[PDB]
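Some notes on the structure that comes next.
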Amino acid sequence: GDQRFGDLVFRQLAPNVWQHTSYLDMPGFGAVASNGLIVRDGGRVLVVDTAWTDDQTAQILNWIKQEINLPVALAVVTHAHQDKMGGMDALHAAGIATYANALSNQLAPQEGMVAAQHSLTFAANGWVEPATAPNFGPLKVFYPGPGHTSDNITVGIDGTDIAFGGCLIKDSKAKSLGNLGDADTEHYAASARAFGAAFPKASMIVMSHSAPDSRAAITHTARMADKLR
Ligand SMILES: O=c1cc(CP(=O)(O)O)c2cc3c(cc2o1)OCO3
Ligand SMILES: [Zn+2]
Ligand SMILES: [Zn+2]
């Protein structure tokens with residue numbers, strides 16, 4: 001059940017979880033879809049990733065207003081590329097508290113991104129330091145190691161079977177690992193496996209550029225990344 005809302009697509013994944021999808025014409029690659037998440041936690045809404053642009057991200061907020069009609073308490077963005085952070089200004093214009101890996105905020109200006117307002121830091125084992133992610137409700141934030149980028153982070157949704165790999169994970173039939181321009185090729189495979197081990201009960205793996213898949217997306221992405229070293 002895809003719902004077309006202007007130029008964006010929304011798909012319900014669970015009673016309190018929806019996937020948002022936006023598109024950007026990349027010259028040389030066609031119109032590239034990017035996915036994020038919208039989660040209702042009681043009387044508030046939590047967002048994972050912006051759309052590619054401010055205008056598209058404002059449209060996500062419009063869809064939330066019409067379809068959920070609860071305040072958006074926070075957004076967390078999963079690395080400093082345009083598909084995930086390109087709409088930061090729209091979140092700030094709306095008064096929404098924003099969070100990203102400290103490293104994503106450090107990298108944002110040179111990537112042409114606007115930094116989030118708050119920085120997440122991570123324990124040695126990858127789990128977010130909880131003091132830096134206050135009021136995250138069911139969102140469980142995990143840094144799996146460098147992969148698609150050095151700053152990529154991932155998010156599980158407690159109380160569901162869903163985990164979000166962002167651009168780290170590709171679907172079980174993907175031919176390649178996509179844009180490796182900022183990737184850590186040596187560590188990618190281990191980081192993909194660490195994501196899987198952090199969320200062992202997640203049977204629905206959501207990712208940036210493909211429809212949700214089974215855990216075969218993780219095993220396949222890791223096996224593909226094995227070839228990178
Ligand atoms: O420089 C880039 C950056 C991105 C965004 P990201 O996905 O790496 O976060 C990008 C995305 C694409 C692509 C090429 C790309 O080139 O082709 C299919 O999707
Ligand atoms: Zn990226
Ligand atoms: Zn991507």
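FYI, nothing fancy with the structure tokens labels: chains A, B, ... in order, residues from 1 per chain, ligands from 1 as they appear.
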- request: Identify, counting only C-alpha atoms and all ligand atoms, the protein, DNA and RNA residues located within 12 Å of ligand 2, and give them as a ChimeraX atom specification.
  value: /A:34-35,49,52,77-86,104,111,146-153,165-169,177-184,207-209
Contact residues around residue A:69 with only C-alpha atoms at 12 Å, ignoring same-chain residues under 3 positions, as a ChimeraX atom specification: /A:40,42-45,61-66,72
Using N, CA and C atoms, can you export the residues from the last selection as a PDB file, in the first residue's frame?
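Contents of part_27.pdb, as written:
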ATOM      1  N   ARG A  40       5.119   6.881  15.220  1.00  0.00           N
ATOM      2  CA  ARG A  40       4.282   7.470  16.256  1.00  0.00           C
ATOM      3  C   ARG A  40       4.591   6.775  17.569  1.00  0.00           C
ATOM      4  N   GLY A  42       3.075   7.175  21.093  1.00  0.00           N
ATOM      5  CA  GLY A  42       2.039   7.808  21.898  1.00  0.00           C
ATOM      6  C   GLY A  42       1.528   9.063  21.217  1.00  0.00           C
ATOM      7  N   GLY A  43       1.641  10.198  21.903  1.00  0.00           N
ATOM      8  CA  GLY A  43       1.137  11.457  21.386  1.00  0.00           C
ATOM      9  C   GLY A  43       2.157  12.305  20.657  1.00  0.00           C
ATOM     10  N   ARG A  44       3.222  11.692  20.156  1.00  0.00           N
ATOM     11  CA  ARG A  44       4.209  12.443  19.399  1.00  0.00           C
ATOM     12  C   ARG A  44       4.744  11.578  18.272  1.00  0.00           C
ATOM     13  N   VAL A  45       5.425  12.236  17.336  1.00  0.00           N
ATOM     14  CA  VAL A  45       5.964  11.603  16.143  1.00  0.00           C
ATOM     15  C   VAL A  45       7.475  11.809  16.129  1.00  0.00           C
ATOM     16  N   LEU A  61       6.383  16.765   6.595  1.00  0.00           N
ATOM     17  CA  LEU A  61       5.701  17.321   7.761  1.00  0.00           C
ATOM     18  C   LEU A  61       4.232  17.586   7.466  1.00  0.00           C
ATOM     19  N   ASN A  62       3.914  17.990   6.232  1.00  0.00           N
ATOM     20  CA  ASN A  62       2.522  18.171   5.838  1.00  0.00           C
ATOM     21  C   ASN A  62       1.767  16.849   5.875  1.00  0.00           C
ATOM     22  N   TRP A  63       2.381  15.783   5.358  1.00  0.00           N
ATOM     23  CA  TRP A  63       1.740  14.472   5.397  1.00  0.00           C
ATOM     24  C   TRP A  63       1.505  14.028   6.836  1.00  0.00           C
ATOM     25  N   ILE A  64       2.493  14.243   7.711  1.00  0.00           N
ATOM     26  CA  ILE A  64       2.336  13.904   9.126  1.00  0.00           C
ATOM     27  C   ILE A  64       1.160  14.662   9.729  1.00  0.00           C
ATOM     28  N   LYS A  65       1.052  15.958   9.425  1.00  0.00           N
ATOM     29  CA  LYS A  65      -0.048  16.754   9.963  1.00  0.00           C
ATOM     30  C   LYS A  65      -1.395  16.207   9.512  1.00  0.00           C
ATOM     31  N   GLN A  66      -1.508  15.835   8.237  1.00  0.00           N
ATOM     32  CA  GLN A  66      -2.795  15.380   7.723  1.00  0.00           C
ATOM     33  C   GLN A  66      -3.131  13.961   8.173  1.00  0.00           C
ATOM     34  N   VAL A  72       5.763  16.641  15.925  1.00  0.00           N
ATOM     35  CA  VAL A  72       6.992  15.903  15.666  1.00  0.00           C
ATOM     36  C   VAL A  72       8.000  16.314  16.733  1.00  0.00           C
TER      37      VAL A  72
END
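Among the candidates A:198, A:106, A:186, A:172, the residue lying nearest to residue A:216 is A:172 (atoms considered: only C-alpha atoms).
If you look at atom CA of residue A:100 and atom CA of residue A:118, they are 6.5 Å away from each other.
The list of residues with at least one atom within 9 Å of residue A:14, based on only C-alpha atoms and without residues fewer than 6 positions apart in the same chain, reads residues 160, 161 and 162 of chain A.
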Put those residues in a file: N, CA and C atoms, as a PDB file, in the first residue's frame.
ATOM      1  N   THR A 160       8.758  -3.430  17.633  1.00  0.00           N
ATOM      2  CA  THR A 160       8.468  -3.855  16.274  1.00  0.00           C
ATOM      3  C   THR A 160       9.554  -4.821  15.831  1.00  0.00           C
ATOM      4  N   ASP A 161       9.359  -5.391  14.645  1.00  0.00           N
ATOM      5  CA  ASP A 161      10.363  -6.236  14.013  1.00  0.00           C
ATOM      6  C   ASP A 161      11.223  -5.470  13.009  1.00  0.00           C
ATOM      7  N   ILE A 162      11.314  -4.146  13.142  1.00  0.00           N
ATOM      8  CA  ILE A 162      11.907  -3.279  12.127  1.00  0.00           C
ATOM      9  C   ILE A 162      13.250  -2.754  12.614  1.00  0.00           C
TER      10      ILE A 162
END
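Closest to ligand 3 among A:93, A:123, A:32, A:205 is A:32, based on only C-alpha atoms and all ligand atoms.
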task: Compare A:74, A:91, A:13, A:163 by their minimum atom-to-atom distance to residue A:51, counting only C-alpha atoms, and give me the closest one.
output: A:91
task: Measure the distance from atom CA of residue A:196 to atom 13 (C, counted along the ligand's line) of ligand 1 in Å and round it to one decimal.
output: 23.9 Å
- request: Compare A:94, A:157, A:103, A:39 by their minimum atom-to-atom distance to residue A:201, counting only C-alpha atoms, and give me the closest one.
  value: A:157
Atom CA of residue A:143 to atom CA of residue A:46, distance in Å rounded to a single decimal: 18.9 Å
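The protein and nucleic acid residues lying at most 12 Å from residue A:129 are residues 101, 102, 119, 120, 121, 122, 123, 124, 134, 136, 140, 141, 142 and 143 of chain A, with only C-alpha atoms considered and sequence neighbours fewer than 5 positions away removed.
Distance annotation: of A:97, A:114, A:107, A:24, the residue with the minimal separation from ligand 1 is A:24; atom set is only C-alpha atoms and all ligand atoms.
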- request: Please report, as number ranges by chain, each residue of stretch 30-183 of chain A to which DSSP assigns strand (DSSP E) when run on this structure's backbone.
  value: A: 30-41, 44-48, 72-77, 97-101, 118-120, 139-142, 154-157, 162-164
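In terms of minimum interatomic distance to ligand 3, A:33 ranks closest within A:113, A:33, A:70, A:90, counting only C-alpha atoms and all ligand atoms.
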message: Can you tell me, as a PyMOL selection string, which residues in chain A count as alpha helix (DSSP H) by DSSP?
response: chain A and resi 54-67+82-85+88-93+102-107+188-198+216-226
task: Tell me which protein, DNA and RNA residues are within 8 Å of residue A:137, counting only C-alpha atoms, leaving out same-chain ones fewer than 2 positions away, and put them as a list in words.
output: residues 41, 135 and 139 of chain A
Keeping only N, CA, C and O atoms, write the selected residues as an mmCIF file, in the first residue's frame.
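Wrote again-v9.cif, looks like this:
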data_model
loop_
_atom_site.group_PDB
_atom_site.id
_atom_site.type_symbol
_atom_site.label_atom_id
_atom_site.label_comp_id
_atom_site.auth_asym_id
_atom_site.auth_seq_id
_atom_site.Cartn_x
_atom_site.Cartn_y
_atom_site.Cartn_z
ATOM 1 N N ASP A 41 4.938 7.573 18.571
ATOM 2 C CA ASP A 41 5.200 7.102 19.927
ATOM 3 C C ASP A 41 4.206 7.819 20.830
ATOM 4 O O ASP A 41 4.458 8.942 21.268
ATOM 5 N N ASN A 135 14.729 11.185 25.262
ATOM 6 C CA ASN A 135 13.352 11.163 24.764
ATOM 7 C C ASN A 135 13.221 10.491 23.405
ATOM 8 O O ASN A 135 12.319 10.818 22.628
ATOM 9 N N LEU A 139 13.163 4.386 19.660
ATOM 10 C CA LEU A 139 14.291 4.403 18.730
ATOM 11 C C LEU A 139 15.563 3.992 19.462
ATOM 12 O O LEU A 139 15.944 4.617 20.460
#
